[PDB]
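We place every Cβ from the backbone using ideal geometry, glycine too, and count neighbours over all the protein chains shown. All of the numbers you see were taken from the coordinates with simple rules; none came from a lab.
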Amino acid sequence: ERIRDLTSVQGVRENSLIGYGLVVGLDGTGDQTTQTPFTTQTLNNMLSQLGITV
Amino acid sequence: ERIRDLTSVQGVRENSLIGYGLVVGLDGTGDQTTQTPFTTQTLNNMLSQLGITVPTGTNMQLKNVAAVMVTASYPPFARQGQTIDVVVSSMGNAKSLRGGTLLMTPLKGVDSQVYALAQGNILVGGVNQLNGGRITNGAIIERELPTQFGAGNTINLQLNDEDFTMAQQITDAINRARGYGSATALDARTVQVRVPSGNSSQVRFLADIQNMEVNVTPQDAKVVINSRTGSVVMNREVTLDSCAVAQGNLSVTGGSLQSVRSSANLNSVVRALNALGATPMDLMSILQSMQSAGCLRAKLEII
Amino acid sequence: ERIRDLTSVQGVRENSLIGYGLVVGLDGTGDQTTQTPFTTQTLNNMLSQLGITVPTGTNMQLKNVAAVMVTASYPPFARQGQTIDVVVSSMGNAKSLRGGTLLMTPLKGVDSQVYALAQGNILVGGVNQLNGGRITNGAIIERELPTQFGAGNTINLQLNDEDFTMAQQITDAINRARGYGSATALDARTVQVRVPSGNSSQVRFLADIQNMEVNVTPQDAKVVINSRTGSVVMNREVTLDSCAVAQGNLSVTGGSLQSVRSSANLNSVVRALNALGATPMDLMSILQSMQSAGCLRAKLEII
Amino acid sequence: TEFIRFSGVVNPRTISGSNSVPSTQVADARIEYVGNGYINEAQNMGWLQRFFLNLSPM
Amino acid sequence: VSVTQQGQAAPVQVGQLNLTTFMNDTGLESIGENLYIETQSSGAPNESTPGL
């Protein structure tokens, strides 16, 4: 059980994924949204997608 | 009962549903509705749908209503009429959702189609989170997803963790239990299983396969370090090589350089590292330095 | 009496009804009606319907009236004249609904049709929620839903939790009790049962099936973590693998690295984790780190 | 009699909360505002004047 | 107690401030924090609207 600990197999590799999201349900410890316009912009985007146009 | 704990069946998967709703019945701990216009806008929308038209120019300052986002999981083979649990999370400047009620909320999928309808009473712990809650059986399934299960003679078991040895072990176990060419391995993560054509026969085959017992072969040595929570976890395959370690305010129980012996099993590694007298935050730096030097014969993963 | 606790009958489902109403008889704990124009607007609507026309330009400042939202459940096979319980939740800036009375409220469905009428006296606990209440038998059913029950020779039992083993067990139990081809499995969640044509015969068949006893096979190992309420729940299938754990302010009862033994049953797992001397909030991080490393042979679900 | 005719294609997400959309968000906007009666005929060139406007050297 | 509001030429009434009248004002017990309480020598606090 040492070769698996010393080498890696060609083609058997890991990639990296990134994305943007919103986290809700905080107890008043979220963004101020006055210094972060993108939070409100993306919340409005989500609401518009769901059918609400602010 | 190990195969069901090591793999997942192809096509038997869970989806994610999201939706918007209003939570009423709060004890003055709802939205301020002056900094959250969408709460009042959607309340007016609901009232208009119910037959009440509030004039556009009017000041509405509510205290018992909070705009919330509802999240749910669409289960495999979900059927209309079935109930699922939902999570309700406040969206803006609300104080608590302790005794609230979630009104009719359509839960959309990624394709923006309604798959469930959510309505129920929130349970909030009450150090405890106040702006988040859970409703058991809070949403009723309304749409069903087509699937290919029961069609064809091939089904893929997908391992939770990639391993050629574990894939071969599962394949050999299935071949030992249910005939010569019952299962084959495609890669380190997928095992292809031949099943009879039909629905009931495949359910029987999967029922026999799922509870099968497979002896887990030893995995790769791995040390998991969580600096955000301050934890270190070492599996049973971690070994150590002999080398000297020095760190601030740590000394022989004497000199600042302490010898670490060659260790073969996990008990020896734990004894050698406890001989250092290191705090876990110090142990993180020690382990990283030893991985850089080469004493630590394990994969150091920071999570 | 286990099949009725493990499955649901296709077509036998519950719907959700919503409506708007006014609650009167409060002891000065109602809406302010200056920040909630809809309360006064709907009170004027009710008075106009009853024959009283209050002039449009007039200041109405009420204290015993609260605008509320009423939620109810439409039961399976509901018939007009039957009574159901309703939940009454305040909507804006009301203080309490302790001794209120709900006036005539039409409960609409998703299709915006009246299915029930709600009117009664609210019961409020009175640490207790003041803006939410329940009325037992508060709504009378007014509309009935057509259904296909009694038509055809097939009925589907839908499992609460998807499992090929449990589906096969239910199918085998039905076949063992009521003939060879009485039940078949379609997927991990649905079991198709053949029943005689008619209404009474299918009711008899379902009555015999529902109270049948089925031995539940072991499920998947699962550790449920609720960070919002601070709870951890481990089922009987959770096992542990030997590995070392370190966390802040936790030490051998000595060194900061503590060994965790290989555990087969739940009692061994509980003993090993209690040997760590970890607070449940610390146990959450420990369990997540062990799942990342691989000691925890269970599915870690955060709810 | 006056006629105001409108045609076009509207994106659903451009519609406001009051079921309104400005005319500048409509893709193939066709807008027409015409009338009839002697008021409208008084705003038409005479046939001879149109002939001259199209065929006169200057 | 009348309160004026916007868009309402007529002031609204909010309530009556009633005064308590005793028959021996010397006899009340001084609690301390600018408060007097009825005693046996000044019993029967008579509520009345001011002016009568």
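Averaged over the residues of B:21-28, the number of partner chain Cβ atoms lying within 10 Å of the residue Cβ comes to 6. If only the Cβ of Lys and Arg carry +1 and only the Cβ of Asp and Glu carry -1, the dipole of chain A around its Cα centre is close to 200 debye. Take the Cα of C:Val216, step 7 Å toward its Cβ, do the same at C:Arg4, and the gap between the two points is 1.7 nm. Rounded to 0.05, the FRET efficiency of the A:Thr40 and D:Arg13 pair, given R0 = 22 Å and the Cβ-Cβ distance, is 0.80.
Think of chain A as having a plus end and a minus end, set by charges on the Cβ of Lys, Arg, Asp and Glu; of A:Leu6, A:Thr42, A:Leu22, A:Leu6 sits farthest toward the positive end of this dipole. When chain B is described by a simple charge dipole with +1 on each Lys and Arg Cβ and -1 on each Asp and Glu Cβ, the residue from B:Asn153, B:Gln80, B:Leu97 located farthest towards its positive end is B:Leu97. For chain A, applying the loop criterion from DSSP together with a ceiling of 10 other beta carbons within 10 Å to the trypsin sites (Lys or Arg not before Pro) yields A:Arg2, A:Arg13. One way to sum up the overall shape of the range B:100-216 is the equivalent ellipsoid from its Cα gyration tensor, whose semi-axes run 40, 20, 13 Å, largest first.
Per-residue ellipticity at 222 nm computed for chain C from its helices equals -6500 deg cm²/dmol, with DSSP H segments shorter than 4 residues left out and the rest contributing -39,500 (n - 2.57). The percentage of C-alpha pairs in chain A whose separation is greater than 12 Å is 78%. Grouping the Cα pair distances of the range C:33-154 into 5 Å bins from zero gives a pair-distance distribution of 2, 10, 17, 17, 17, 14, 10, 5, 3, 2, 1, 1, 0 percent in increasing distance order.
Listed from fewest to most Cβ neighbours within 10 Å, the set B:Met60, A:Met46 follows the order A:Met46, B:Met60. Spin-label model, D:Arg5 to D:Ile31: label points 7 Å out along the Cα-to-beta-carbon direction sit 1.7 nm apart.
Note on the protein assembly as shown: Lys pairs 8 or more places apart or on different chains, Cα atoms under 27 Å apart, count 17.
To the nearest 20 Debye, how big is the dipole of the protein assembly as shown about its Cα centre, given +1 on the beta carbon of each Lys and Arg and -1 on that of each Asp and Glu?
1320 debye
Under Stokes-Einstein, with the Kirkwood radius over Cα pairs as Rh, the value for the protein assembly as shown at 10 °C and 1.306 mPa s is 49 µm²/s.
The alpha-carbon positions of the range C:32-86 define a convex hull whose volume is 120 Å³ per residue.
Evaluated on the range C:223-303, the Kirkwood hydrodynamic radius is 12.7 Å, with distances taken between all distinct Cα atoms. The calculated FRET efficiency for B:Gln80 paired with B:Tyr180, based on their beta-carbon distance and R0 = 41 Å, is about 0.45. Select from the range C:13-82 those chymotrypsin sites (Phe, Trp or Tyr not before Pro) which occupy a DSSP coil region and have at most 14 other Cβ atoms within 10 Å, ordered by residue number. Passing both the DSSP loop test and the Cβ count: C:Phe77.
Taking N as the number of residues in chain C, what is its Cα Rg relative to 2.2 N^0.38 Å?
1.45
If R0 is 45 Å, what FRET efficiency do you get for E:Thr20 and B:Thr56 from their C-beta distance, rounded to 0.05? That pair, E:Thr20 with B:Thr56, gives E of 0.35. About its Cα centre, the dipole of chain B is roughly 220 debye, where the only charges are +1 on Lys and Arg Cβ and -1 on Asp and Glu Cβ.
Neighbour counting of Cβ atoms within 10 Å sorts the residues C:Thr83, B:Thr36, E:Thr21, fewest neighbours leading, into E:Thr21, C:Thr83, B:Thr36.
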